[PDB]
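K.L.:
mind folding the following:
(chains A and B, ligands or ions: 7)
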Amino acid sequence: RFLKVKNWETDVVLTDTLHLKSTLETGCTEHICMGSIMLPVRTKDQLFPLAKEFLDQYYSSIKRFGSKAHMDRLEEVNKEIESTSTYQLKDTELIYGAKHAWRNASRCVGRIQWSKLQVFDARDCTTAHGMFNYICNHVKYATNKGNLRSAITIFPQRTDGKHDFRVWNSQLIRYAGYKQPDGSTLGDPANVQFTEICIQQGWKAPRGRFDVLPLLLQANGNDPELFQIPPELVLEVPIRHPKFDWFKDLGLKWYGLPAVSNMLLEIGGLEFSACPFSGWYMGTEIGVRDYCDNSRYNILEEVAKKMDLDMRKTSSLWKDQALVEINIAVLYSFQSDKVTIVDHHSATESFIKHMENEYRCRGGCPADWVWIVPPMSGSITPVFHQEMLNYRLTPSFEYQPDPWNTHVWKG
Amino acid sequence: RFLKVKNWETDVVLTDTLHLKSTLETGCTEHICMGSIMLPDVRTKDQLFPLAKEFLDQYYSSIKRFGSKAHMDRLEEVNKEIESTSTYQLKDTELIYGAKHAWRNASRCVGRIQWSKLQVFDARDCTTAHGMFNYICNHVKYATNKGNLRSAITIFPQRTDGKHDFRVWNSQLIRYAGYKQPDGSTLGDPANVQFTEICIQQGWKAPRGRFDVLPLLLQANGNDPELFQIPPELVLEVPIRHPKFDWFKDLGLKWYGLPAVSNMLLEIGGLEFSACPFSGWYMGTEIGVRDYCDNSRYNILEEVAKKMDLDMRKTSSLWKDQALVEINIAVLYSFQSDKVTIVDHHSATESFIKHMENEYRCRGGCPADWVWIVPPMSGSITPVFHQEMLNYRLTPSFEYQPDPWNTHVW
Ligand code: HEM
Ligand code: HEM
Ligand SMILES: CN[C@@H](C)Cc1cc(C#N)cc(OCc2ccc3c(C)cc(N)nc3c2)c1
Ligand SMILES: CN[C@@H](C)Cc1cc(C#N)cc(OCc2ccc3c(C)cc(N)nc3c2)c1
Ligand SMILES: C[C@H](O)[C@H](O)[C@H]1CNc2nc(N)[nH]c(=O)c2N1
Ligand SMILES: C[C@H](O)[C@H](O)[C@H]1CNc2nc(N)[nH]c(=O)c2N1
Ligand SMILES: [Zn+2]
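P.N.:
Residues are numbered from 1 along each chain as shown, chains lettered A, B, ... in the order given. Ligands and ions are numbered 1, 2, ... in the order given. Find the structure here:
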């Protein structure tokens, strides 16, 4: 069975066969679409078919399918599973898996870069201190003095689920958020809950509007531990505007390295619960969401005042106006400091090229329109008019519960 | 099975049971979501009865007379008529209820908070294109109401054997012409280039301007369609000027006040109304973001940003975004200045969130297609962006249908 998608701006039609290789479920049915829902201890019983399926993919990709090396590896994995109840990926397989988990990330507009991912194997790590070291080196290598490089660090896989490695931070670098007694919030409202945990765990908060949070790291199921990233490793960018001299006086800055650390990487049935990965920012992530979301820094008001906009009627589109200027200032600041950033126009254009290339050489590209389309100026970006098919392929990155909700506290 | 939707900006959670009354199919499966796909012989006596029963059952419940004499009587009445005549006709009451609920159920429409204040014009006694033209002029004048726009639908006779279809061939009642140039590009409105050609190919004398209102191409009882010119005094237009930039008038821009979609099919109780133009009023972005700035449309973005002397050498200057905002400010300004109804995307999305709440509260849910409900600009600073939505197909409903010129036997 073949399925088609149409770009309605260019009339270009692409044929997806890859969707057939999909096993996992979307959340949708014949009678309901869950396309806009945010989110719609594994035994030896169900593990080898997962293992086999992955190794089949792996050896296909290296043109060794059916080879003696392929079959021997199947047998080796088999025996190791029935013997140890799990199994270990070779380095080659780990690297392939991590790249393809990104390649398959249907909500990610940056996937044109998927094959140049730098994979750091931290599966030998045993302690939080050890984790801190791996993460410091990740941050230093990824940052590259502003010339950002994609990277992922992979900590040991889940065993019995009682010995997980977790990074408790949702990102390696994020700013603290403080709920004040008068109801207002200091810093980043998105991080108030995590910030409180840190403080309870003994973190001494500067209580400023842009405090970098400590790393809260969990090794082998033990209680998590606090570490401070060396400030010289955290590259930041003062936010100013090319035309508005008063914008600097808003006192804003953002960090340069987006590094998501609370997701789970799944490869051939193995579960990697701590796998922080990083690339670089699309401007709108900071300038639209991180600044202008009502539940975030929410500086729309302030910028609109300084621009002397008509904030009386919404139909003055003062919000729209301020949003653009803020995103202008974010791109300007990063480029000025030679820190890698991509605008939403460049990025969506790239993606369409990536998508078309993926449909031809792979037979498809799973894509989530709800997430791919930028949070401003959607229809003047080429993904808006692009029909997309969304399905779930493995290896994949998955959501997982916040560790503080499931963790058994040692003490 | 009883599904929840959460708003991630406000943590409001709604429980959806209405979806369990869904009959039609979405195009998705458990393995694949087709949520971003644009579009993912007559009814027998067999399939027609249950569609009628289902519709009549919900009609008589809506009037709190489920299981009444009237209900069973009307049910048996239609039951009898279908077996005889092989189809059936709706009571006026049922027709109005049906049309209102096709709108209410339009999962892609952000303006549904107005759904029950629809004005239904029964045009089932129409027999000719001339008659269609008359009804359509009356619709237009009533809907326009001197700029105080009013929602309306006009319903022409229902399909019979598919050989006698009433169709309005225009995609909308009022739209501008699109002319292909020997120069290469496109003058007027590019979206409408093929239809403009058909009108000429059917005899229309094109003034070949930039804002030439298209004629109506009306088809009654399955005969060849006929050209008609809408009296210009019934076509309310708004000249587009900017409250800040004087040079904006010189772009020579205007748009019409009345959005009236005319190529969709209305389905009620299994019955098929292939001609049912309906209209309300514009959300600003419908004109300014899409009808002006889409690459496949007026695409005036370049000329606008030029006139603002923005740095157009790199995309990261966001000159497109900056222009796009100004244009939509002007569209809103112009319509408001000339006292023509219009709503901004902040206003409409906020209303839709309110509408959603109402529907979960009094009806147990509201089918909603996030991909189409979020406006084409400034998505995340509008409240629907952070709103989870469930999409499912309820009936009565509006449906897409083939373009008539791919179908019509001359
Ligand atoms: C290098 C440049 C990259 C860019 C510009 C980029 C951009 C984006 C953006 C804009 C989103 C939307 C998420 C949001 O709005 O919150 C996203 C999602 C995502 N990205 Fe990428 N990304 C990049 C690199 C990477 C890398 C290196 C990985 C992992 C190896 C990755 C994995 C993902 C995943 C798994 C999601 C979906 C998360 C979810 O479902 O919530 N990205 N990306
Ligand atoms: C009164 C104010 C109204 C507003 C502000 C409004 C707004 C919109 C918008 C913005 C869309 C998205 C489509 C696009 O961007 O091209 C849409 C779709 C739609 N509207 Fe509404 N609308 C209104 C009235 C009505 C009425 C009176 C009806 C019918 C009785 C209706 C039926 C529909 C339908 C069926 C669609 C989906 C068409 C499709 O599936 O392609 N609308 N509307
Ligand atoms: C603002 N929406 C968020 C609240 C939703 C979200 C949740 C999670 C998780 N868990 C992870 C998420 O990450 C998206 C993502 C992941 C990785 C990225 C990388 C590596 C680079 C980049 N520029 N953006 C990313 C964006 C997002
Ligand atoms: C810009 N995307 C369009 C090209 C896709 C579209 C297709 C069809 C059809 N057939 C019908 C469509 O109509 C949407 C619609 C329908 C009715 C509306 C009413 C009554 C008012 C209004 N302001 N907008 C509407 C918008 C749209
Ligand atoms: C409710 C909705 O599904 C949710 O807010 C999604 C929509 N699309 C998104 N798209 C991106 N890129 N990032 C997001 O966080 C979201 N949030
Ligand atoms: C590709 C995509 O399905 C298509 O362009 C849709 C997306 N969302 C839309 N949303 C609205 N309101 N109107 C549209 O025409 C579209 N087009
Ligand atoms: Zn779906």
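K.L.:
number of nearby residues for residue A:169?
P.N.:
As a burial measure, residue A:169 scores 23 neighbours (other CB atoms under 10 Å in any protein chain shown). For the C-beta atoms, the positions are set from N, CA and C on the backbone; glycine is no exception.
K.L.:
likewise for residue A:158?
P.N.:
For residue A:158, the tally of surrounding residues (other CB under 10 Å) stands at 21.
K.L.:
quick one, helices of the stretch 1-150 of chain A?
P.N.:
Along the stretch 1-150 of chain A, counting by DSSP state H, counting those that start in this stretch, helices occupy A:47-61, A:68-84, A:91-103, A:128-143.
K.L.:
okay, angle between the longest one and helix A:91-103 too, please.
P.N.:
What separates the directions of helix A:68-84 and helix A:91-103 is an angle of 90 degrees, with axes from the mean of the first three to the mean of the last three CA atoms, to 10 degrees.
K.L.:
residues contacting helix A:68-84, please?
P.N.:
The set of residues external to helix A:68-84 that reach it, using CB atoms under 8 Å, 6 or more residues apart in numbering or on different chains, is A:44, A:47, A:48, A:51, A:52, A:55, A:59, A:64, A:86, A:87, A:88.
K.L.:
so who does the closest residue to ligand 3 within the stretch 301-411 of chain A touch?
P.N.:
The nearest approach of the stretch 301-411 of chain A to ligand 3 comes at residue A:399, 5.1 Å away (CB to the nearest ligand atom). By CB under 8 Å, 6+ apart, residue A:399 lies in contact with A:39, A:263, A:264.
K.L.:
which ones are touching the first one?
P.N.:
Right, the one you point to is residue A:39. residue A:399.
K.L.:
that older thread, how close does the residue of the stretch 301-411 of chain A closest to ligand 3 sit to residue B:103?
P.N.:
Distance check for residue A:399 against residue B:103: by CB to CB, to the nearest Å, it reads 37 Å.
K.L.:
contacts only, for residue A:135.
P.N.:
By CB under 8 Å, 6+ apart, the contact set of residue A:135 is A:153, A:167, A:172, A:215, A:217, A:229, A:276.
K.L.:
can we see that at 10 Å?
P.N.:
Contacts for residue A:135 were tallied using CB atoms under 10 Å, 6 or more residues apart in numbering or on different chains; they are A:120, A:122, A:153, A:155, A:167, A:169, A:172, A:215, A:217, A:227, A:229, A:233, A:259, A:261, A:274, A:276.
K.L.:
with ligand 4 as the reference, measure out to it.
P.N.:
Distance, residue A:135 to ligand 4, by CB to the nearest ligand atom, to the nearest Å: 47 Å.
K.L.:
and if you look at residue A:177?
P.N.:
Residue A:177 is 40 Å from ligand 4, where distance means CB to the nearest ligand atom.
K.L.:
ok, now residue A:353?
P.N.:
Counting by CB to the nearest ligand atom, the gap from residue A:353 to ligand 4 is 24 Å.
K.L.:
wait, isn't that residue in contact with residue A:109?
P.N.:
No - the pair formed by residue A:353 and residue A:109 falls short of the contact definition of CB atoms under 10 Å, at 11.8 Å.
K.L.:
test my guess that residue A:140 contacts residue A:259.
P.N.:
No - at 12.0 Å, residue A:140 does not count as touching residue A:259 under the criterion of CB under 10 Å.
K.L.:
comparing the two, which residue is more hemmed in?
P.N.:
Using other CB under 10 Å, the more surrounded residue of residue A:140 and residue A:259 is residue A:259, with 24 against 14.
K.L.:
show me what contacts the more buried one?
P.N.:
Residue A:259 makes contacts with A:135, A:138-139, A:142-143, A:151-153, A:167, A:169-174, A:276-279, as judged by CB under 10 Å, 6+ apart.
K.L.:
make it 6 Å
P.N.:
A:171, A:172, A:276, A:278 (CB atoms under 6 Å, 6 or more residues apart in numbering or on different chains).
K.L.:
how about residue A:236?
P.N.:
Residue A:236 sits next to A:253, A:255 when contact means CB under 6 Å, 6+ apart.
K.L.:
10 Å instead, please
P.N.:
Shown in contact with residue A:236 (CB under 10 Å, 6+ apart): A:173, A:175, A:210, A:212, A:253, A:254, A:255, A:256, A:257, A:337, A:339.
K.L.:
from these, pick the one nearest ligand 1.
P.N.:
Nearest to ligand 1 out of the contacts of residue A:236 is residue A:257 (CB to the nearest ligand atom; 10.6 Å).
K.L.:
wait, the closest one sits on residue A:138?
P.N.:
Yes - under the criterion of CB under 10 Å, residue A:257 makes contact with residue A:138 at 9.4 Å.
K.L.:
anything in contact with each of the two?
P.N.:
Listed as contacting both residue A:257 and residue A:138 by CB under 10 Å, 6+ apart are A:151, A:172, A:233, A:278.
K.L.:
can you map out the strands along the stretch 151-300 of chain A?
P.N.:
Here the stretch 151-300 of chain A has its strands, by DSSP state E, counting those that start in this stretch, at A:151-154, A:166-167, A:177-179, A:185-187, A:215-218, A:225-227, A:236-238, A:253-255, A:259-260, A:264-267, A:270-272, A:277-278, A:281-282.
K.L.:
and of those, who's closest to ligand 5?
P.N.:
Among the strands of the stretch 151-300 of chain A, the nearest to ligand 5 by CB to the nearest ligand atom is strand A:281-282 (9.0 Å).
K.L.:
just checking, what packs against the closest one?
P.N.:
With contacts taken as 3 or more CB pairs under 10 Å, 6 or more residues apart in numbering or on different chains; DSSP states H and E, strand A:281-282 sits against helix A:318-336, strand A:341-342, helix A:344-362.
K.L.:
I'd like the ones you listed laid out as JSON lines, including distance to ligand 7 and mean neighbour count.
P.N.:
What follows is the helices and strands packed on strand A:281-282, written out as JSON lines (distance: least, CB to the ion, whole Å; neighbours: other CB atoms under 10 Å in any protein chain shown):
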{"stretch": "helix A:318-336", "distance to ligand 7": "29", "mean neighbour count": "24"}
{"stretch": "strand A:341-342", "distance to ligand 7": "29", "mean neighbour count": "24"}
{"stretch": "helix A:344-362", "distance to ligand 7": "19", "mean neighbour count": "18"}
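K.L.:
okay, those in a markdown table with distance to ligand 2 next?
P.N.:
Output for the helices and strands packed on strand A:281-282, formatted as a markdown table (distance: least, CB to the nearest ligand atom, whole Å):
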| stretch | distance to ligand 2 |
| --- | --- |
| helix A:318-336 | 16 |
| strand A:341-342 | 28 |
| helix A:344-362 | 19 |
